[PDB]
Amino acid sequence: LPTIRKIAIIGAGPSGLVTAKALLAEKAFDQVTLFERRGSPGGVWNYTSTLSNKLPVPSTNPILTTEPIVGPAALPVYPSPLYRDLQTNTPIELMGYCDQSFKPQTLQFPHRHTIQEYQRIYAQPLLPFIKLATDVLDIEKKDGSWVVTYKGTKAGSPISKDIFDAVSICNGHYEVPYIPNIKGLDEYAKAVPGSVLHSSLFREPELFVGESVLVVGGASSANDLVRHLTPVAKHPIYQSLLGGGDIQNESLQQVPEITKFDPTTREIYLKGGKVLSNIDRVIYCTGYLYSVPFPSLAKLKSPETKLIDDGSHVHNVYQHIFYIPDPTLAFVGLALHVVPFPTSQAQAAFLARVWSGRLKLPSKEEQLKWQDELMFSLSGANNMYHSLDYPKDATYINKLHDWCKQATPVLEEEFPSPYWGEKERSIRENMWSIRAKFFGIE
């Protein structure tokens, strides 16, 4: 239905939260309800000393259900992948919503405590709009509306259903781990319970004192882990890069991809003949998979209606937001290689004006063309589908900003669209160098 009055937001993390404020700023909707399985908003910024109960090794299925840690004396806990000593890899000049600045004297790459407090503040006025400790089981178009099925998190809660005109899925994409099925991995992992970890389980580095570790992966997370393990793990630290690396010294030995895990001898074979033995911990820093764990959406498999396939990305979403077949279904926060808060805010502001009717989407065929062209430029690398590495991200948010400006009628209070000027872009372009200089690395 075009006239949208009741909206459901799946998730109360940074993306769902900014989506709510933008929607509520339209003064056009009668109901905006956020659903959150955690007892509080903030998404992954809810640091949990608790680890996931069972790591799937290997992990290649994007539909995997997240099992919360439960007990008789506590609300169920959904572990967050944030680790103890984490500091941002995004500067305060760029991260964070454009209309809530950081307090003065804040470190440029602050500890998570600062971001957890920043989110707590941001979300406080939204609490009455959120159904906390509530897990959304399924989402499906029935008649002319969306039927969202959910169950209160808490033993004995009854399954319930409510219907909305639109649904914005902001469930995040850093929950289902991605661990490639390698020869002998499974058996290797099960023979020694904590010998095979993933980055989502990392919390405290003191666990690795004296141990010989093999970090697998070459992304930012893998490199960050190597630096964090360097002062504690036994030297050297091994890092398995896809094409091998140029660093081979006393503290770090970069090696090629893994060929096979020898369950019997506990040896690890690397492409090129190199073989590692006596590895106490193998930590996969291979990222996660996109997920749409809602049976009615997950079953969709046709090229024009599918959302998920291999979890490399979410398909059929115009501008990475609107589900082409039916734009009353949207996503906020799918962007990869971006500054999270600002980017989700740019999408929320646009999403709000389109759903209220102050802005119109181009034709269904044009939206589909936008996709064809993207798919073509990916040359088969679908995990880059939602990637907006600079300058794509700067251009993207400025594009959404300029579009939002065209909304009509003009409202007395306009929910802002972030905008990156010459200065903001320069910082984003040299982000990793500014970060490297801040932490005295590289």
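Numbering starts at 1 and follows the sequence shown.
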- For 41-49 versus 400-408, entry-based mean Cα B-factors point to 400-408
- Query: Comparing 76-84 with 102-110, which has the greater mean CA B-factor as deposited?
  - Reply: 102-110
- Message: Highest recorded C-alpha temperature factor, please, choosing from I69, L34, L388, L64.
- Response: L64
- Note on the structure: Max C-alpha B-factor within the set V176, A219, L214, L334 falls on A219
- Task: Classify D372 as lowest, middle or highest third according to the C-alpha B-factor given in the PDB entry, relative to its own chain.
- Result: middle
- C-alpha B factor of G421, ranked within the chain: lowest, middle or highest third? highest
- Item | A8 by Cα B-factor - lowest, middle or highest third of the modelled chain | lowest
- Message: Split into thirds by Cα B-factor across the chain's modelled residues, where does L289 land: lowest, middle or highest?
- Response: lowest
- Comparing against every modelled residue in the chain, figure out the third that the C-alpha B-factor of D138 lands in (lowest, middle or highest). middle
